[PDB]
Amino acid sequence: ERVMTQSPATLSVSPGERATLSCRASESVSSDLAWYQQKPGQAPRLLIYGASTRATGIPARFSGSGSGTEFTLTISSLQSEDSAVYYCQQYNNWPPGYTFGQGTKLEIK
Amino acid sequence: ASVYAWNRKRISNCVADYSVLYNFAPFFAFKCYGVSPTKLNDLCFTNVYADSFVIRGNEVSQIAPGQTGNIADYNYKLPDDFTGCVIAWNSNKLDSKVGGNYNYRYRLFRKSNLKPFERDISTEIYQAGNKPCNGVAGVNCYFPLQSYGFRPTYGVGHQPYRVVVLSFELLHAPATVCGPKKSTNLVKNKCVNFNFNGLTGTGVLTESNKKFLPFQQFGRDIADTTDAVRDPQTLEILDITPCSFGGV
Amino acid sequence: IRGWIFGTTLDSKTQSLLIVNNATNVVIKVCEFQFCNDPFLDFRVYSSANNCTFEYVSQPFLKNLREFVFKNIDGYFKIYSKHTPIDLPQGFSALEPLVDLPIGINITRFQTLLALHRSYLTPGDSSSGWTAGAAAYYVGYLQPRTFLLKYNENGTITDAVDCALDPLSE
Amino acid sequence: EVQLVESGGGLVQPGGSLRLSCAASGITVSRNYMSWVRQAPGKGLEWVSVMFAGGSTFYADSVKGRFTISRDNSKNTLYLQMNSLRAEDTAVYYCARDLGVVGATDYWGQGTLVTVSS
C-alpha cells in the first residue's frame, strides 16, 4: 500500500504556456500508473497510463515522465477548457488494488 | 521456464533421500500440508511430481490449497485437497537483468478457472467484442501473455521467486521409491535383536558353513525355524541359534 | 526369437508391455505403444507414440534349450529361466528366478516378436513373409497344483512329485 | 456506443441495505474485469470492489464482509449489494471496466449518489 503525494496543491498559469505537476510515491511504482482529468462536473478521463503512454485520443499536448517513486505531468499550451482536477493512480498490486492521489485544481489567470 | 506452462518431472524408481531437500542452505520457504517433514523424510510413495516455475514475490501467498488470486486462479491452480509441499526461493540474483529478465510472459487473461494441474499453455487473443486485434485495434485486443520486467531496482514484491511443488500420489502403490537408510554395524556371538531387511528375530549369530545359492536370501530348517540368513551388505552367510534358556 | 509382448490390447488405449532382448542388452518398457496389424519383425521399431511409466535395462537373457516361465499374480510380473544343452528331453532341471518386476499393468493377452536379417518391415503384409532359419517354440499353460519338491544337501531341487497325477503319486 | 450506466443511488437509513446496478453497452461484462469505485464529496477516490472473470471477487478493507458484487451475465451487467450503511458511506459511486497494465481505467460510469437519512 504505497501512499502517493501530489504537488503542488494548486496552480494558476497564464494562457499558452506549459504546466508541470509532480506525483511522489513511497515504494517503487516505476511503471504502474495513470493520470486522470476529472473536469469539474462528471467522471474522470484517463490521459496517460503506465509511464508516459498517451491514452487513445488524448491530445499530444500532455506528456508524462518519471520513474521509480517520482513522476511528473506536463502540458504544452493550456486552453481555457483544461481547467479540471487531476489524479495520479497507481496499481502496483493490480489484483485487487489501486491507490489514488490528492488531486490538483488547474485554472487560468 | 515460466509460470506459463510450468515445468514438470515425474520422479519414480529411486531412493528418495531428502537429505538436501529442505535441508540445503539457500532454500527460502518450505511447508507441507498433511505430512510432517521428518515422517516425509521417512515416507515412501508410488510416484512424485515436481513442478518448477518462477513468479513475482508478491504472489507467493497464492500458492496454497484452494488459494485464490491471479496466478492461482488463471495461471496455475493446485487442488483443494492437495497433499504435498511447495518451496519458494527468492531468486533475486539468479534470474534477473537490468534489461529485464522478462523472457517469460505469464497469463493474465483466461476464459475460465483451471482444473488442478492442467497445463493450459496457449497463444490466443482475449477479447471483448467480435474480432481480435488482428482486424480490430484498441478495443477487444487483449493478450494474456504479459512480460515481467524483472530488473534489480524492483523491490522484493517483484523479485523473481523460483518455486517447486512436490505432489505424492498414493493409489495402487507397488511403491518404487523409499530411501531411508538406517543400517547399523553387526554384532556377533551375543544375544542380540536382529532385523535383516524385514526378518525380525532374536538370537546369537555365528559364522556359517552352508552354501547358499545366489538367488536365496534366507535359510530355514525343519518346522519353519529360520536357521540362517545372508547379510544384505557383505553377503556372508550367518547361522542363528537362540541363546540358552532353561528351568531352574 | 528376440522378445515378447504382453498386454490387454495392441492399441494405444492401454499401457501394454514390451520385453526385447538383443545382442547388447534387454529393454523392458511399459508405454502403451499402439501396434500394427502384426508385430514388427526387427527397421528397429514399429508403434505409435508412447507415454511410458516404467523402463528397465540389464544384461541379455541369453541344441540349446531355452526355457522361460512368465507369471503375473501379485502386482508384479515375474520371470524364471534356464538354458541347457541337449524335441523336449526327458531330463530333469529346475528353473531359477530371473527377475521380479513391480509394474502393475493388467496383462491378459500375449504375442511373440521375431527377427530376421535384411528383412523389409511394413505395417501390413500378407502371409508371404520373409525367410528365416528353421526354428520352433512351445507353449504350456500353468494351473494351480500341489507339488512335492525334493531338495538335496546343496539346496537344489533334484526331483519332484506331482501330487494329483495318479494314485501312486498321490 | 460503449458506455456504463448506473442505478440504485439514493437515500437509506443507517444500518440499512441497498443494491446498486451497473449496465454496460457495446462491451461485454462477463469477460471484463469489473470494478466499483467510490468518492466522498470533495475528496479523492478509493477502490471499493472488483469482480473477476472466474468469479473470485474482492472488496476494499473498509467494506469487507458487508458488500457483495455479482453479475447478471445474461444481459451484460454487474450488481453490488450493500448493507449496514453507516455515516461514512455517503459518496458518489462509479462503475468501471479495468484492463490494467494494458491500458488503465478509461471507461467510467455515470455514478450514483448514496446518502443516508442523516
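Asks: For the overall build of chain C, give the residues involved together with the corresponding values.
Replies: Looking only at helices and strands, one finds 0 helices and 10 strands in chain C. Taken from N to C terminus, the helices and strands of chain C fall in the order β-β-β-β-β-β-β-β-β-β. Taken along its principal axes, the extent of the C-alpha atoms in chain C is 55 × 35 × 30 Å.

Asks: Run through the interface of chain B and chain C, naming residues and quoting values.
Replies: Contact with chain B, which involves 6 residues of that partner, is made by 7 residues of chain C. Of the residues belonging to the side of chain B that touches chain C, the class tally is 3 nonpolar, 2 polar and 1 charged.

Asks: Explain the packing of aromatic side chains to me, and be specific about the residues and the numbers.
Replies: Here the aromatic rings of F6(C) and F77(C) are separated by 5.6 Å at their centres, their planes lie at 45°, and the arrangement is tilted. With a centroid separation of 6.1 Å and 70° between ring planes, the pair formed by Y94(D) and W108(D) is classed as edge-to-face. Of the two residues, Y94(D) is situated in strand β9 (residues 91-97) and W108(D) in the loop between β9 and β10 (112-116); the sequence distance between them amounts to 14 residues. An aromatic cluster of three or more residues is present, and its members are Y91(A), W94(A), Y98(A), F100(A), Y74(B), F109(B), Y126(B), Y142(B), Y33(D), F52(D) and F58(D).

Asks: Hey, could you go over the state of the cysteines for me, with residue numbers and the actual values?
Replies: By definition, a disulfide links the sulfur atoms of two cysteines through a covalent bond. The side chain of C133(B) participates in a disulfide bridge whose partner is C141(B); the two sulfur atoms lie 2.0 Å from each other. Disulfide pairing is shown between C22(D) and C95(D); the S-S distance is 2.0 Å. Note on the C22(D) and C95(D) pair: the S-S dihedral is about -100°, so by sign convention the disulfide is left-handed. In this pair, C22(D) is assigned in strand β3 (residues 18-25) and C95(D) in strand β9, connecting sequence segments 73 residues apart. In this model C14(B) remains outside any disulfide bridge; the closest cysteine sulfur is found in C178(B), 9.8 Å from its own.

Asks: So what about the arrangement of the chains? Which residues, and what values?
Replies: The interface with the highest contact count, out of 4 pairs of chains in contact, is the one between chains A and D. Nothing in chain A touches chain C, and the closest approach of their C-alpha atoms is 38 Å. No interface is formed between chain C and chain D, the nearest pair of C-alpha atoms being 33 Å apart.

Asks: For the pairing of strand β3 (residues 47-56) of chain B, give the residues involved together with the corresponding values.
Replies: Residues and elements named next belong to chain B. Relative to β3, strand β1 (residues 7-11) is paired through 5 bridges, and the arrangement is antiparallel. Along β3, the bridge assignment pairs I11 with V48. Bridging between β3 and strand β7 (residues 160-169) involves 10 bridges; their strand directions are antiparallel. Across the sheet, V48 pairs through a bridge with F168, a residue of β7.

Asks: If you had to explain the sheet that holds strand β3 (residues 19-24) of chain A to someone new, which residues and values would you point to?
Replies: Residue and element names in this part refer to chain A. Read across the open sheet, the 4 strands follow the order β1-β3-β8-β7; overall the sheet is antiparallel. Of all strands in the sheet, those bounded by a partner on one side alone are β1 (5-7) and β7 (62-67). Averaged over all neighbouring strand pairs, the angle between strand axes comes to 20°, with direction disregarded. Sheet topology places β3 next to strand β8 (residues 70-75); 6 bridges connect them, and they run antiparallel. Bridging across to β8, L21 finds its partner in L73.

Rules used in this analysis
All residue numbers are counted from 1 along each chain's written sequence and may depart from the entry's numbering; residues that have no coordinates are not represented. By the order in which they are written, chains take letters starting at A while ligands take numbers starting at 1. This view covers only part of a larger assembly, and the values given relate to that part. Excluding hydrogens and water, the side-chain values take into account all heavy atoms of the structure. Residues with missing side-chain atoms are left out of burial classes, side-chain pairs and their counts. Each helix is a run of DSSP H or I of at least 4 residues and each strand a run of E of at least 2, with the numbering of both proceeding from the N terminus. Contact criterion: two residues are considered in contact whenever any of their non-hydrogen atoms come within 4.5 Å of each other. Here the nonpolar group is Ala, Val, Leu, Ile, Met, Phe, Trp, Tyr, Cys and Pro; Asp, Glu, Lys and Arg are the charged ones; every other residue, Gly included, is treated as polar. Aromatic pairing here means that ring centres of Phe, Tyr or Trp (its six-membered ring) are within 6.5 Å. Orientation follows from the plane angle: under 30 degrees is stacked, over 60 is edge-to-face, and everything else is tilted. By disulfide we mean two sulfur atoms from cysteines, separated by a distance within 2.5 Å. Two strands make a pair as long as DSSP finds a minimum of two bridges between them. Axis definition: a line fit to C-alpha positions, over the contact stretch in the case of helices; interaxial angles, taken between N-to-C directions, run 0 to 180 degrees.

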